[PDB]
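Below: one protein chain in two forms, given as structure tokens, structure 1 then structure 2.
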Structure 1
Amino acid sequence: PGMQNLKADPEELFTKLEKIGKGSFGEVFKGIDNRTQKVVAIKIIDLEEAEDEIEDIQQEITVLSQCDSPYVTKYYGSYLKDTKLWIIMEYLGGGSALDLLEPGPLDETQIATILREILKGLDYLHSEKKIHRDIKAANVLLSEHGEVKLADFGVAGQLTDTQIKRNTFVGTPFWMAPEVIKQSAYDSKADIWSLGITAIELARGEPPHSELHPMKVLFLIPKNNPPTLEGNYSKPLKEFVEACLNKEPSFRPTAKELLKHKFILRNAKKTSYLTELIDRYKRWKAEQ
């Protein structure tokens, strides 16, 4: 249906190793591409224990298959095996940006570096008329040497000539733009709001309203003034957040524009410097 390139018998080409993740969809496993010995991530979904989101799982494969960017998790293919569908993607062993927050706070160079790479991902997606719709630190994954990529396209949307806006209530409430919660007509500017919340998340460790029940934020977000970054942070970082978190979507800058923001230019450095953060998490995790 949109599965034209669905492949068969994955275990000839890949080796399944241990489990590494879980979600509403099913489960995620480490694996090996037996042709290259590169390590991959295999998302496995039980088609029979699946229902309704079958319509989503296809959409996810569709979006993934259409992305070709170093800032988006590489897509290897979807494979059918008895009752299970394998969705095989690039493996990234550095941890998510949310993981890297667990041991302690980031500094603004690290925040800027991570945001700059997220922005390159968003610029790529939005130039392809795609909207991620679940931007948050947990879906920003790093290689063990500091490359930063967007992941989890489970609720990603696509715009077309006949569908210039979306309306669907998707995303993670703390990070959702007010127009998405209202289910008004929205586009890639929704991702820019979520990016602003993600910036606060990277700076403070958690998004606004994080101690509240997510249902409460469904009225708080459309109603309240937009969040701001409070605390002892640089003015350009605070202005970066402010630019993103405008209630009116057309007043938010594009990802391209944000790549030239003073905060990004003054503070972002080489991604390889992020190995320091990756090492911190490994040490921290080993002693938990």
Structure 2
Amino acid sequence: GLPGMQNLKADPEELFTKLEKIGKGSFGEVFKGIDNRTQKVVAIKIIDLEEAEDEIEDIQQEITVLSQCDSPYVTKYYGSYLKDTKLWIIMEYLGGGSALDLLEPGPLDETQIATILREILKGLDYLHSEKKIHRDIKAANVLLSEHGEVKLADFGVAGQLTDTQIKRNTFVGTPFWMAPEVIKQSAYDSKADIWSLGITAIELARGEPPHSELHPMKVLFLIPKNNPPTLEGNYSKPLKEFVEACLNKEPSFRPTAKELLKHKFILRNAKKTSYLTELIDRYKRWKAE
């Protein structure tokens, strides 16, 4: 049974006004929508179930993981509807778009970088405390509200640790951001997210992850065999050390999310999230051209 599944008599085309496409998830297409009862904006993920299966388990898993999260740092899930062969997944709308989108007008400053990383860390701390691993941390999966709030999204490949399953070994993620132990399919846990966080830190600083000019297949041997990436360029030493802390080949040498919240880069540079509205305004003016 799918968590949050609504009465099959309920017609989502009547309950929601479906508007323009705003992106593509690991599964399904995502639209801006209006809740016709409250008039709030929602995000609507639509998946065609007849074209799918072999992905249906994964879709169920994503919804299950979402339904089990209750955090200001994780996109809220409002339920699912079936219309003929299509599943409508109703999600919290984050009007600012992704951190990746917000990078298009130009570089971030280190206050912005620290603030976004701090909020991602709050989300990871929550997830890891719940014995969940995101496994696809990257700037495209970091979403901002219109108020500058920062939340984690796309739990399409998220994993769950139990007391009989202390580690995972599944090959999932986005290659440039994947930890060496995940690529090698060694036993791994929440520390894999910390590595991905390190890559995301470089992405927020430089605009792209390491190896971004290479074919994804090449990083399948490059990441396990090479020394870890470092942040190159004129960035503060605390930021460079934050990145180095995350990007260690030995998972036990990586700090926890909780520990990184106290890292000197974060404490010295992060400010209130409301300031990130400037970043949204910049994007708005930019795409206005």
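Every residue number counts along structure 1's sequence, beginning with 1. Here, rigid core means the biggest group of C-alpha atoms that superpose within 1.5 Å across both forms.
Given a superposition on the rigid core, I'd like a yes or no on whether residue 33 shifts its C-alpha by 2 Å or more between structure 1 and structure 2.
After core superposition, the displacement of the residue 33 C-alpha between structure 1 and structure 2 reaches the 2 Å mark, so yes.
Once the core is aligned, please say if the CA of residue 16 is shifted by at least 2 angstroms between structure 1 and structure 2.
Yes: residue 16 shifts by at least 2 Å between structure 1 and structure 2.
Can you give me the Cα shift for residue 176 between structure 1 and structure 2? Core-superposed, in angstrom, one decimal please.
Displacement of the C-alpha, rigid core superposed: 0.2 Å.
State the core-superposed CA shift for residue 7 between structure 1 and structure 2, in Å to one decimal.
Its C-alpha moves by 9.0 Å once the cores are overlaid.
Any chance you could measure the C-alpha shift of residue 79 between structure 1 and structure 2 with the core superposed, in Å?
On core superposition, this C-alpha lies 2.1 Å from its counterpart.
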